[PDB]
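Q: Starting off with a structure, shown below.
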Amino acid sequence: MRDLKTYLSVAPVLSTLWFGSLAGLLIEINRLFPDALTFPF
Amino acid sequence: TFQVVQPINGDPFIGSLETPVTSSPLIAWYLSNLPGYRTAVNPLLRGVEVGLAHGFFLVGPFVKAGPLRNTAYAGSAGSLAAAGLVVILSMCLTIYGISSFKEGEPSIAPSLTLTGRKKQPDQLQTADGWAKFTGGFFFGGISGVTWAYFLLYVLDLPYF
Amino acid sequence: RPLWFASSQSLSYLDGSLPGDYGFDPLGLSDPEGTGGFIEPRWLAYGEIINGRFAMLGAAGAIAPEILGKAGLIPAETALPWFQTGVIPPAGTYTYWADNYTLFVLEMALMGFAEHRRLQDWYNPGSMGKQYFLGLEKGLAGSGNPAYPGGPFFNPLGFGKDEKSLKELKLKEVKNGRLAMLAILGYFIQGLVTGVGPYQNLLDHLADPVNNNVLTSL
Amino acid sequence: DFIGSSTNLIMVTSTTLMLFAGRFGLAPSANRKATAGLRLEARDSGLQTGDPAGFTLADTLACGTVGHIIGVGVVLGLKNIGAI
Amino acid sequence: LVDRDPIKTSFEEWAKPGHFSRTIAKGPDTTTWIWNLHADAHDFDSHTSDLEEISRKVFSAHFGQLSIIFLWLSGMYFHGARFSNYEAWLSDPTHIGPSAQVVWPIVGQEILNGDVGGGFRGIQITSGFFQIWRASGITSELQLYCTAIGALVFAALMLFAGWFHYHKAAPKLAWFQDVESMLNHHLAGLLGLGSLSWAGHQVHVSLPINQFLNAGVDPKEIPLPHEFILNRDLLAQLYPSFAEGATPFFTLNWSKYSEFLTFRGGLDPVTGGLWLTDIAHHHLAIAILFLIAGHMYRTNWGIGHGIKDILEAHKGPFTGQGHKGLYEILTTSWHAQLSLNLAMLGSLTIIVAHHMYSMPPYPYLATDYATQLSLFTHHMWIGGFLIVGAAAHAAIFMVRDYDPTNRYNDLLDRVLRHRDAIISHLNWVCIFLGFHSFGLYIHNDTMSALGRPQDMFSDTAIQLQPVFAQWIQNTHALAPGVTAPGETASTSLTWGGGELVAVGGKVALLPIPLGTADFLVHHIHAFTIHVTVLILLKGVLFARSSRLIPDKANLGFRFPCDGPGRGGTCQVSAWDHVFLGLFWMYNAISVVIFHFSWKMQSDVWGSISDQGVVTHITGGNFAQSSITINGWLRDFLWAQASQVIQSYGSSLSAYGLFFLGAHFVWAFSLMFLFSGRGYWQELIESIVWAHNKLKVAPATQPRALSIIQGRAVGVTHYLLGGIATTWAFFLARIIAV
Ligand code: CLA
Ligand code: CLA
Ligand SMILES: CC1=C(/C=C/C(C)=C/C=C/C(C)=C/C=C/C=C(C)/C=C/C=C(C)/C=C/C2=C(C)CCCC2(C)C)C(C)(C)CCC1
Ligand SMILES: CC1=C(/C=C/C(C)=C/C=C/C(C)=C/C=C/C=C(C)/C=C/C=C(C)/C=C/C2=C(C)CCCC2(C)C)C(C)(C)CCC1
Ligand SMILES: CC1=C(/C=C/C(C)=C/C=C\C(C)=C\C=C\C=C(C)\C=C\C=C(C)\C=C\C2=C(C)CCCC2(C)C)C(C)(C)CCC1
């Protein structure tokens, strides 16, 4: 549906999806590599 | 249907209302006989009466609540404080009379009764009348304080 | 016409067109102002007819195996009361050629076909006689009245040839359906408070009425 | 016996008295409305009853409920003080 | 009275924001459009003028509210079955802290999974759900899972009903205005039948299971609830009167049911709560009373009362026509009903909060101090908010729906003709109470500082005894046997009977003394409440006009000002009066909760020893230290905040973080309250300039917040920060000790 796809492009829904994916990625990254203080490579 | 509250003097466009608290015959008689509402009497006598009544009153709180209430100097200190308060009130009255009234001008009191009858304006609203009132108030207050102190701590009356 | 607890509000719309109409509507549910949803006189009449027919089927079904069991005609293992034949397994169960939950799915599928066809007839009349359905759609065209479809399938004997006779038979059907609904309510509630078969209730009452009664059962 | 007991007589009397009062205009009803001066006023309820006085089923149910309430209250009150 | 398919179900309106308004739907020229979109979301009266459509819209949203509440209940019940130690707590309620929340270990937050007993690690909860579940006879987790499933199903049903009664069959206006039928149904069915059903559940399930639990039987060996119904022998063994069945009920031999329907009063020594038989009898009586009350109003059958007839018959020589015309106002305006209901609900919530603490209705609830404190503060705050909303919507009705041409009422007209006297008298009362209540605290502070303890208002120098309340306590302590012969003990243990109840070595309840400090704090409460009432009533009464702005009704209910003329006209609308009264509501509720907390910690709660000596938490310092502001600052704020500031490195560090977070949020609100819009609009102009330089200027022109929006943001952040600070402090203090 075109009208359903239009509602998914509104600012709050897109922001929520983007930030949820971002937070998931950051949480997983910190889970894999915990307690990082310096860049060792 | 019977109604109790009425517009003031039958005029509904004046910002007041007539209620039993204001227009009861007992309350109307009681207020008209107070010394502050006797517009045909010398202001000096009304001031003397007001001063006596207020000066007799002021002794009690100062005597019973003062810092020296639990000592032998309670009554004298209370009477002295009451006299000082009476002096301050007299100063305030004198200042108000000086600032508000000007010499030579006629009275500003209303000259119409509630029923429309014409009457002489009260002389309390002039400089001379207010000065007489203030002097009488001072004299009456001092006399009342003295009388209260005499009764309380010169005659061993079984009070309380 | 006779009236039964009629009211001025009820008589304003119950003019006697429907079969078995006595003007009885104290709550005014068939009031034709602001009709909608499932509150609608036509839908209510259709539901009453369907419920009466099902209760008529169910009233005799819940008692038929019982009376022959006491009559020595069928094996006693099949002469069970309606509440123990497997409807409520905690109350008792009987082993069939398949487990109860397997029978339930087949029953649901067949009844779904039947009831969906009936509902689609109701929504758009005359529709079931158009699409090919094993060549049986010729006789499933209906008659324009949802509760009385007729046709070679539902009216094989051709009863009710005369309009007055049809009116009489409709009245008898309505009366019998109401009586069957009352009997089914009696079945349920009697089974609730006595715990034995309704035929056993009748036999106990006929044994003596003063010792087996509401005053002694409650 | 319970049938001849005082409770039976009291409750039957209460119900009968309430029904009689409702029927013969001694109490308000569907066709009788009491005003602010506690005076009954004639009214039409629009319900067919087949009764000469117009006593409908709702009036009968209300009168029965009031009679039962009064009878239960009287029975329990007399039982508490040990009178019955 | 319904309409078939009024509105088509489609996604078309989803892609066009602001469809409910003509102006908003035009497009976002500036950023004010986005803010205006949310502020007018639920103002159905502004969208359309048809009363039927507004009623239909209002009817549907309540279904969504009910669905949300059902989802919340489902979550609460599910968490207690999967992530809780309820079964372990059931075998030792006095030594195990309830917990129903666990945390994933990611960034070191697993320290919050503190030890609570029963071999469990989690966050200790203070909502009191464990006591509710115990009082209902719940033993295993399967029952909780079934309850969660049922709540989910009910939420789905509510959502479907909400969709249906708006898109398929919407009731007409004549359906909504049947107030007599609605009252009859909500009285007889919603309340009476619910009370009857709960009484039946308590009689058949809660009583035997709770008796078995109080006997000390292992919860896993207690028969299941259905075993007491199928096997009447068990109930007959527990209660011999059950062997007779329902015969005594129908023969009016109700005295046989005295074994499980009592009139005892007081608390159960084993658990510390009210007797469950008393609760069952109470619910039965309440069900009967509510069932009788639901047959008053007239319906299709003639018998009953007409609300209009009742209203039209009340008038007096002072009030003129009286209550004539009030029926039409309340059946045409949604705002007046909302205001009245909000006020009544807030008052009821405050009453419930006051009643729950002194009459503990749940087992092992009096000895759970954190739960008691949390429930009290929560319900008080909810009541205050509802009370403020009542006045807000009363002002809204006054501004919008008032029309003397077609909806004249004599009582409303007479009130508006002497509002000056009411406001002036309330002002004088507020000033007098403030002088003679707070002034006594400053006097005590000055005398203490000067070194004259004998000239203070205290129990040792100048007593101000609350003789009236002590008389009530004495009368209630002597009520049984004289004025309540059927009672065995008093309604509450706080009246001054002299008896003390101790459960598990802790003090549950005991008589509460009243002295000089209670006098002062009660008068402080009265002063604050009077000021709040003054503000709200002044806002409501002058909503349409005043001597300053004669045409205030034309400007609307929510407008910022009327210019700098007449010396200044800032915050003259009725909205600003609610904005101002929220602060005073916050002040009053904070003072009340501080009084409650200190008094209970100092004079009630404590521990008892073998010899029977009570040692309170703070040692009974409320009487001599609360009479000065320095005492409140030192012995309450400074002394009791050491728990929250020393919570770092333990399972209570979340409260320590919330303390500073709420400090920051509260301090952040002063930027919006102390400043104005012009400065921020002028500052934005410079920021926009550099964006234009780099071709990053948006087409949606940035605009500063409006005056009303700024005030709302300020008050919201202020309230949030203050309440969060108090919440963190209270929980951190009470969980540790
Ligand atoms: C039964 C309760 C009830 C109901 C049905 C209503 C209904 C209504 N109120 Mg109302 N009100 C209530 C209680 C209630 N109120 C109470 C208790 C108060 C006192 C506090 C008020 C104070 C009030 C005011 C001052 C106004 C209304 C207005 C209105 C109308 C428009 C509502 C609107 O647009 O809001 C839109 C809703 C929002 C914008 C949501 C607000 C967001 C809250 C405040 C912040 C929550 C913070 C949260 C925890 C942080 C998470 C954020 C997240 C994104 C991360 C509507 C008829 C307005 C009106 O009639 O104007 C003509 C109006 O001006 N009400
Ligand atoms: C991509 C968009 C964008 C770009 C390129 C810039 C660029 C700039 N901003 Mg800025 N700003 C933006 C969005 C943007 N802003 C937004 C949305 C806001 C409102 C929150 C602000 C608020 C803001 C202020 C208050 C100030 C600047 C300032 C500045 C300048 C100093 C550099 C800097 O880091 O400032 C710091 C930049 C920020 C603090 C902005 C926060 C980051 C935002 C949230 C990113 C959002 C991007 C947006 C979602 C794009 C979506 C892309 C998507 C459609 C694909 C620089 C030219 C400063 C200046 O020199 O004054 C002119 C200054 O004082 N900005
Ligand atoms: C918790 C919860 C839940 C659940 C709930 C439930 C489960 C409920 C139930 C309920 C019920 C289950 C109810 C019932 C009821 C009943 C009734 C209400 C009845 C009545 C009756 C009557 C009233 C009668 C009467 C009578 C008389 C008077 C005379 C004659 C005889 C008789 C007996 C008939 C859920 C999941 C939702 C979720 C949330 C929470
Ligand atoms: C406060 C609150 C809450 C809660 C609440 C609740 C819990 C409620 C409940 C309620 C209820 C719980 C109700 C109920 C109702 C009703 C009912 C329950 C009914 C039933 C049944 C019936 C109606 C029946 C009937 C009958 C029968 C049986 C048969 C025959 C006929 C008759 C009619 C008799 C919360 C916290 C959450 C939130 C806030 C607020
Ligand atoms: C002469 C005559 C007659 C008569 C009859 C009669 C008069 C009968 C009646 C009877 C009746 C018509 C009765 C009724 C009743 C009713 C009721 C009774 C209702 C209800 C009630 C209730 C529901 C209540 C409840 C309760 C409870 C449960 C508990 C507490 C107490 C009370 C009581 C409140 C006839 C028609 C044959 C024929 C013609 C002639």
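Identifiers in this document derive from the order of the structure tokens: chains are assigned A, B, ..., residues are numbered from 1 separately in each chain, and ligands are numbered from 1 in order of occurrence.
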Could you please select, counting only C-alpha atoms, the residues of chain C within 7 Å of chain D and state them as a PyMOL selection string?
A: chain C and resi 6-8
Q: Take the residues from that selection and write them out as a PDB file, in the first residue's frame, keeping C-alpha atoms.
A:
```
ATOM      1  CA  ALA C   6     -48.100  -6.892  24.715  1.00  0.00           C
ATOM      2  CA  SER C   7     -47.201  -3.240  25.244  1.00  0.00           C
ATOM      3  CA  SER C   8     -47.971   0.023  23.473  1.00  0.00           C
TER       4      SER C   8
END
```
Q: Quick one: residues within 10 Å of residue E:444, only C-alpha atoms counted, chain neighbours fewer than 6 positions away excluded, as a PyMOL selection string?
A: chain E and resi 450+452-453+455-458+627-630
Q: Next, dump the selected residues to file, keeping only C-alpha atoms, as a short mmCIF file (atom, residue, chain, number, x, y, z; two decimals), in the first residue's frame.
A:
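Result went into again.cif, see below:
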```cif
data_model
loop_
_atom_site.label_atom_id
_atom_site.label_comp_id
_atom_site.auth_asym_id
_atom_site.auth_seq_id
_atom_site.Cartn_x
_atom_site.Cartn_y
_atom_site.Cartn_z
CA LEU E 450 18.89 33.75 71.06
CA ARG E 452 15.70 31.32 75.30
CA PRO E 453 14.18 27.82 75.08
CA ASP E 455 9.85 31.27 75.43
CA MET E 456 9.05 28.84 72.60
CA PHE E 457 5.79 27.20 71.54
CA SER E 458 6.57 23.67 72.68
CA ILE E 627 9.05 22.61 66.04
CA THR E 628 11.79 24.56 64.21
CA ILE E 629 12.86 24.86 60.58
CA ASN E 630 16.46 24.11 61.59
#
```
Q: Pull out every residue of chain E sitting within 10 Å of chain A, counting only C-alpha atoms, and send them as a PyMOL selection string.
A: chain E and resi 10-17+105-108
Q: Output as a PDB file with N, CA, C and O atoms, in the first residue's frame the set of chain D residues within 8 Å of chain E, with distances taken over only C-alpha atoms.
A:
```pdb
ATOM      1  N   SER D  29     -47.236   4.143  42.450  1.00  0.00           N
ATOM      2  CA  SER D  29     -47.266   3.058  41.478  1.00  0.00           C
ATOM      3  C   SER D  29     -46.869   3.602  40.112  1.00  0.00           C
ATOM      4  O   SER D  29     -46.467   4.759  39.975  1.00  0.00           O
ATOM      5  N   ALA D  30     -46.975   2.745  39.093  1.00  0.00           N
ATOM      6  CA  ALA D  30     -46.683   3.181  37.727  1.00  0.00           C
ATOM      7  C   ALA D  30     -47.684   4.220  37.248  1.00  0.00           C
ATOM      8  O   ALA D  30     -47.344   5.083  36.430  1.00  0.00           O
ATOM      9  N   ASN D  31     -48.923   4.143  37.730  1.00  0.00           N
ATOM     10  CA  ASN D  31     -49.978   5.073  37.358  1.00  0.00           C
ATOM     11  C   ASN D  31     -50.239   6.124  38.427  1.00  0.00           C
ATOM     12  O   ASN D  31     -51.184   6.905  38.288  1.00  0.00           O
ATOM     13  N   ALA D  36     -44.270  16.783  45.530  1.00  0.00           N
ATOM     14  CA  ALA D  36     -43.508  17.279  46.671  1.00  0.00           C
ATOM     15  C   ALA D  36     -44.360  17.355  47.931  1.00  0.00           C
ATOM     16  O   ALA D  36     -43.824  17.305  49.044  1.00  0.00           O
ATOM     17  N   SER D  45     -48.796   4.759  32.053  1.00  0.00           N
ATOM     18  CA  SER D  45     -47.515   4.084  31.893  1.00  0.00           C
ATOM     19  C   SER D  45     -47.319   3.482  30.508  1.00  0.00           C
ATOM     20  O   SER D  45     -46.180   3.179  30.137  1.00  0.00           O
ATOM     21  N   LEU D  47     -48.358   0.516  29.450  1.00  0.00           N
ATOM     22  CA  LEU D  47     -48.182  -0.930  29.517  1.00  0.00           C
ATOM     23  C   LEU D  47     -49.546  -1.582  29.699  1.00  0.00           C
ATOM     24  O   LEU D  47     -50.304  -1.202  30.597  1.00  0.00           O
ATOM     25  N   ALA D  58     -44.560  -4.677  36.818  1.00  0.00           N
ATOM     26  CA  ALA D  58     -43.473  -3.983  37.502  1.00  0.00           C
ATOM     27  C   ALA D  58     -43.913  -3.487  38.872  1.00  0.00           C
ATOM     28  O   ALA D  58     -43.146  -3.551  39.841  1.00  0.00           O
ATOM     29  N   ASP D  59     -45.147  -2.987  38.971  1.00  0.00           N
ATOM     30  CA  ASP D  59     -45.678  -2.575  40.265  1.00  0.00           C
ATOM     31  C   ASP D  59     -45.740  -3.752  41.228  1.00  0.00           C
ATOM     32  O   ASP D  59     -45.404  -3.617  42.411  1.00  0.00           O
ATOM     33  N   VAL D  72     -38.128  -9.124  56.239  1.00  0.00           N
ATOM     34  CA  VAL D  72     -36.818  -9.598  56.678  1.00  0.00           C
ATOM     35  C   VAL D  72     -36.276  -8.707  57.787  1.00  0.00           C
ATOM     36  O   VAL D  72     -35.752  -9.196  58.799  1.00  0.00           O
ATOM     37  N   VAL D  75     -38.223  -9.435  61.004  1.00  0.00           N
ATOM     38  CA  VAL D  75     -37.889 -10.748  61.550  1.00  0.00           C
ATOM     39  C   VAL D  75     -36.541 -10.702  62.255  1.00  0.00           C
ATOM     40  O   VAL D  75     -36.398 -11.168  63.391  1.00  0.00           O
ATOM     41  N   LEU D  76     -35.531 -10.130  61.595  1.00  0.00           N
ATOM     42  CA  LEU D  76     -34.202 -10.091  62.199  1.00  0.00           C
ATOM     43  C   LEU D  76     -34.168  -9.177  63.419  1.00  0.00           C
ATOM     44  O   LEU D  76     -33.493  -9.483  64.410  1.00  0.00           O
TER      45      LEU D  76
END
```
Q: Give me, as a compact mmCIF listing (two decimals) with N, CA, C and O atoms, in the first residue's frame, all polymer residues having an atom no more than 10 Å from residue E:272, counting only C-alpha atoms and skipping those fewer than 6 positions away in the same chain.
A:
```txt
# COMPACT_ATOMS: atom_id res chain seq x y z
N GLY E 266 -10.18 -4.70 64.38
CA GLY E 266 -8.79 -4.81 64.79
C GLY E 266 -7.94 -5.49 63.74
O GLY E 266 -8.26 -5.47 62.55
N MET E 359 -5.36 1.02 58.58
CA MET E 359 -6.21 -0.18 58.62
C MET E 359 -5.67 -1.14 57.58
O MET E 359 -6.23 -1.28 56.48
N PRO E 360 -4.55 -1.82 57.87
CA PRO E 360 -3.90 -2.66 56.86
C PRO E 360 -4.80 -3.80 56.43
O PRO E 360 -5.16 -4.67 57.24
N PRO E 361 -5.19 -3.84 55.15
CA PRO E 361 -6.12 -4.88 54.69
C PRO E 361 -5.45 -6.14 54.16
O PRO E 361 -6.16 -7.13 53.92
N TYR E 362 -4.13 -6.15 53.97
CA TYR E 362 -3.45 -7.29 53.39
C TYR E 362 -2.51 -7.92 54.41
O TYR E 362 -1.97 -7.23 55.28
N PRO E 363 -2.30 -9.24 54.34
CA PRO E 363 -1.38 -9.89 55.28
C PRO E 363 0.06 -9.46 55.04
O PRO E 363 0.50 -9.34 53.90
N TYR E 364 0.78 -9.26 56.14
CA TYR E 364 2.20 -8.90 56.11
C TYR E 364 2.45 -7.62 55.30
O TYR E 364 3.44 -7.50 54.59
N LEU E 365 1.53 -6.67 55.43
CA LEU E 365 1.67 -5.37 54.78
C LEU E 365 2.09 -4.27 55.74
O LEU E 365 2.81 -3.35 55.33
N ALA E 366 1.66 -4.34 57.00
CA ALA E 366 2.01 -3.30 57.97
C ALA E 366 3.50 -3.32 58.28
O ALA E 366 4.11 -2.27 58.49
N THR E 367 4.11 -4.51 58.30
CA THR E 367 5.53 -4.64 58.60
C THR E 367 6.43 -4.42 57.39
O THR E 367 7.65 -4.46 57.53
N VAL E 501 0.49 -4.49 68.40
CA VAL E 501 0.60 -5.70 67.58
C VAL E 501 2.01 -5.76 67.01
O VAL E 501 2.47 -4.81 66.37
N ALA E 502 2.69 -6.87 67.26
CA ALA E 502 4.05 -7.09 66.77
C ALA E 502 4.08 -8.37 65.94
O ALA E 502 3.62 -9.42 66.39
N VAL E 503 4.61 -8.26 64.72
CA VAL E 503 4.70 -9.39 63.80
C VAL E 503 6.16 -9.55 63.39
O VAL E 503 6.74 -8.64 62.80
N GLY E 504 6.73 -10.71 63.69
CA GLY E 504 8.11 -10.99 63.31
C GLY E 504 9.13 -10.07 63.94
O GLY E 504 10.13 -9.73 63.31
N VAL E 507 7.15 -3.72 64.86
CA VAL E 507 5.92 -3.08 65.30
C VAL E 507 5.06 -2.79 64.08
O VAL E 507 5.46 -2.06 63.17
N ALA E 508 3.86 -3.38 64.06
CA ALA E 508 2.92 -3.16 62.96
C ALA E 508 2.11 -1.89 63.16
O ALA E 508 2.10 -1.02 62.28
N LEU E 509 1.43 -1.76 64.29
CA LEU E 509 0.64 -0.57 64.58
C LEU E 509 0.50 -0.42 66.08
O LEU E 509 0.54 -1.40 66.83
```
Q: Mind listing the residues within 9 Å of ligand 1, only C-alpha atoms and all ligand atoms counted, as a ChimeraX atom specification?
A: /E:35,38-46,58,62,334-335,338-339,341-342,382-393,396,556-558,575-576,578-579,582,712-713,716-717,720
